[PDB]
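Engineer: Starting off with a structure, shown below.
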Amino acid sequence: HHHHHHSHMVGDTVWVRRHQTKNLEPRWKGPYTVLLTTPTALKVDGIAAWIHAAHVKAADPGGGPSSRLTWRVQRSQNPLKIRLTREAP
């Protein structure tokens, strides 16, 4: 397949904001890597196809081999764009 659009970079360092229905608050796990974005649904490595984006939240990789260690399918800073992270040490 060769379907492209303005998504986030393959390797977008995020967390998955999810919790079993206990009436208790949603819990993050990470660092997950978004390969493709879709309207209100993100195609992430380790996922069946898509997670509804309310159960995902962007993270700060810090740098180096954090965001970098991902499948370089469309790793190119021109078709795929991200935005300013939180900046958290």
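By convention in this document, the chains of the structure tokens carry letters A, B, ... by their order, each chain's residues are numbered from 1, and ligands are numbered from 1 in the order they are shown.
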For residue 44 of chain A, please output as a count of residues only all residues within 6 Å (counting only C-alpha atoms; exclusion window: fewer than 3 positions along the same chain).

Structural biologist: 4

Engineer: For residue 59 of chain A, please output as a PyMOL selection string all residues within 10 Å (counting only C-alpha atoms; exclusion window: fewer than 6 positions along the same chain).

Structural biologist: chain A and resi 12-16+30-33+67+85-88

Engineer: Which value, in Å to one decimal, gives the distance between atom CA of residue 83 of chain A and atom CA of residue 36 of chain A?

Structural biologist: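 Taking atom CA of residue 83 of chain A as the start and atom CA of residue 36 of chain A as the end point, the length is 14.8 Å.
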
Engineer: List as a ChimeraX atom specification the protein and nucleic acid residues near residue 68 of chain A, meaning an atom at most 10 Å away when only C-alpha atoms are counted, but skip any in the same chain fewer than 2 places from it.

Structural biologist: /A:10-13,33,61,63-66,70-72,75

Engineer: What would the file look like if the residues just selected were written as a PDB file, in the first residue's frame with N, CA and C atoms?

Structural biologist:
ATOM      1  N   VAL A  10       6.098   8.618  11.908  1.00  0.00           N
ATOM      2  CA  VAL A  10       6.134   7.207  12.346  1.00  0.00           C
ATOM      3  C   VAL A  10       7.143   7.082  13.513  1.00  0.00           C
ATOM      4  N   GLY A  11       6.638   6.869  14.737  1.00  0.00           N
ATOM      5  CA  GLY A  11       7.471   6.957  15.937  1.00  0.00           C
ATOM      6  C   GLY A  11       7.060   8.046  16.900  1.00  0.00           C
ATOM      7  N   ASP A  12       5.865   8.653  16.688  1.00  0.00           N
ATOM      8  CA  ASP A  12       5.354   9.713  17.584  1.00  0.00           C
ATOM      9  C   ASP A  12       5.205   9.147  19.020  1.00  0.00           C
ATOM     10  N   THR A  13       6.067   9.624  19.937  1.00  0.00           N
ATOM     11  CA  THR A  13       6.136   9.115  21.309  1.00  0.00           C
ATOM     12  C   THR A  13       4.931   9.625  22.108  1.00  0.00           C
ATOM     13  N   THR A  33       4.211   4.253  20.128  1.00  0.00           N
ATOM     14  CA  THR A  33       4.680   5.009  18.951  1.00  0.00           C
ATOM     15  C   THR A  33       3.610   5.015  17.842  1.00  0.00           C
ATOM     16  N   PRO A  61       9.645  12.459  24.610  1.00  0.00           N
ATOM     17  CA  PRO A  61      10.675  11.398  24.567  1.00  0.00           C
ATOM     18  C   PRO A  61      12.017  11.842  25.186  1.00  0.00           C
ATOM     19  N   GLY A  63      14.755  12.841  24.030  1.00  0.00           N
ATOM     20  CA  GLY A  63      15.622  12.867  22.852  1.00  0.00           C
ATOM     21  C   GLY A  63      16.287  11.523  22.633  1.00  0.00           C
ATOM     22  N   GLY A  64      17.305  11.517  21.760  1.00  0.00           N
ATOM     23  CA  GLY A  64      18.131  10.340  21.500  1.00  0.00           C
ATOM     24  C   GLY A  64      17.351   9.110  21.010  1.00  0.00           C
ATOM     25  N   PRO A  65      17.708   7.867  21.476  1.00  0.00           N
ATOM     26  CA  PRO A  65      17.048   6.606  21.047  1.00  0.00           C
ATOM     27  C   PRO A  65      15.703   6.332  21.785  1.00  0.00           C
ATOM     28  N   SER A  66      14.871   7.371  21.978  1.00  0.00           N
ATOM     29  CA  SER A  66      13.523   7.210  22.549  1.00  0.00           C
ATOM     30  C   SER A  66      12.488   7.228  21.411  1.00  0.00           C
ATOM     31  N   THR A  70      11.947   3.317  16.234  1.00  0.00           N
ATOM     32  CA  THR A  70      10.655   2.958  15.637  1.00  0.00           C
ATOM     33  C   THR A  70      10.842   2.654  14.138  1.00  0.00           C
ATOM     34  N   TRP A  71       9.925   1.825  13.591  1.00  0.00           N
ATOM     35  CA  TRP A  71       9.834   1.509  12.152  1.00  0.00           C
ATOM     36  C   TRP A  71       9.817   2.810  11.324  1.00  0.00           C
ATOM     37  N   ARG A  72      10.823   2.969  10.453  1.00  0.00           N
ATOM     38  CA  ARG A  72      11.067   4.212   9.686  1.00  0.00           C
ATOM     39  C   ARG A  72      10.268   4.237   8.357  1.00  0.00           C
ATOM     40  N   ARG A  75       9.371   7.906   7.945  1.00  0.00           N
ATOM     41  CA  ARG A  75      10.203   8.804   8.777  1.00  0.00           C
ATOM     42  C   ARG A  75      10.874   9.867   7.880  1.00  0.00           C
TER      43      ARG A  75
END

Engineer: Could you pull the residues within 8 Å of residue 80 of chain A, counting only C-alpha atoms, minus those fewer than 6 positions along the same chain, as a short mmCIF file (atom, residue, chain, number, x, y, z; two decimals) with C-alpha atoms, in the first residue's frame?

Structural biologist:
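Ended up saving to result.cif:
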data_model
loop_
_atom_site.label_atom_id
_atom_site.label_comp_id
_atom_site.auth_asym_id
_atom_site.auth_seq_id
_atom_site.Cartn_x
_atom_site.Cartn_y
_atom_site.Cartn_z
CA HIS A 5 -1.52 12.33 4.14
CA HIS A 6 -0.40 14.97 6.72
CA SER A 7 -0.08 12.65 9.74
CA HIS A 8 2.37 12.66 12.70
CA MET A 9 5.85 11.06 12.16
CA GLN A 74 7.46 7.26 6.50
#

Engineer: One decimal, in Å: what's the spacing between atom CA of residue 54 of chain A and atom CA of residue 38 of chain A?

Structural biologist: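 Straight-line distance from atom CA of residue 54 of chain A to atom CA of residue 38 of chain A works out to 12.5 Å.
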
Engineer: Have a look at atom CA of residue 73 of chain A and atom CA of residue 50 of chain A and let me know their distance in Å, one decimal.

Structural biologist: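 Computing the Euclidean distance for atom CA of residue 73 of chain A and atom CA of residue 50 of chain A yields 17.2 Å.
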
Engineer: Where in chain A does DSSP assign strand (DSSP E), given as a list in words?

Structural biologist: residues 12, 13, 14, 15, 16, 17, 18, 27, 28, 29, 30, 31, 32, 33, 34, 35, 36, 37, 38, 41, 42, 43, 44, 51, 52, 56, 57 and 58 of chain A

Engineer: At most 10 Å is the cut-off: for each residue in segment 40-66 of chain A with any atom that close to an atom of segment 24-28 of chain A, write down the nearest atom pair and the distance in Å rounded to one decimal, counting only C-alpha atoms, chain first then increasing number, as JSON lines.

Structural biologist:
{"residue": "A:55", "atom": "CA", "partner": "A:26", "partner_atom": "CA", "distance": 8.2}
{"residue": "A:56", "atom": "CA", "partner": "A:28", "partner_atom": "CA", "distance": 8.3}
{"residue": "A:57", "atom": "CA", "partner": "A:28", "partner_atom": "CA", "distance": 8.4}

Engineer: How about saving the chosen residues, N, CA, C and O atoms kept, as a CSV table (one decimal), in the first residue's frame?

Structural biologist:
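out_38.csv written:
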chain,number,residue,atom,x,y,z
A,55,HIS,N,-8.2,8.2,24.2
A,55,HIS,CA,-7.4,7.1,25.0
A,55,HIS,C,-5.9,7.2,24.6
A,55,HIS,O,-5.2,6.2,25.0
A,56,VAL,N,-5.5,8.2,24.0
A,56,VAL,CA,-4.0,8.5,23.7
A,56,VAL,C,-3.7,9.9,24.1
A,56,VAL,O,-4.6,10.8,24.1
A,57,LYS,N,-2.5,10.2,24.4
A,57,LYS,CA,-2.0,11.5,24.8
A,57,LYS,C,-0.5,11.6,24.4
A,57,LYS,O,0.3,10.7,24.8

Engineer: Using only C-alpha atoms, which of A:1, A:29, A:52, A:81 sits nearest residue 17 of chain A?

Structural biologist: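 That would be A:29, the residue with the smallest distance to residue 17 of chain A.
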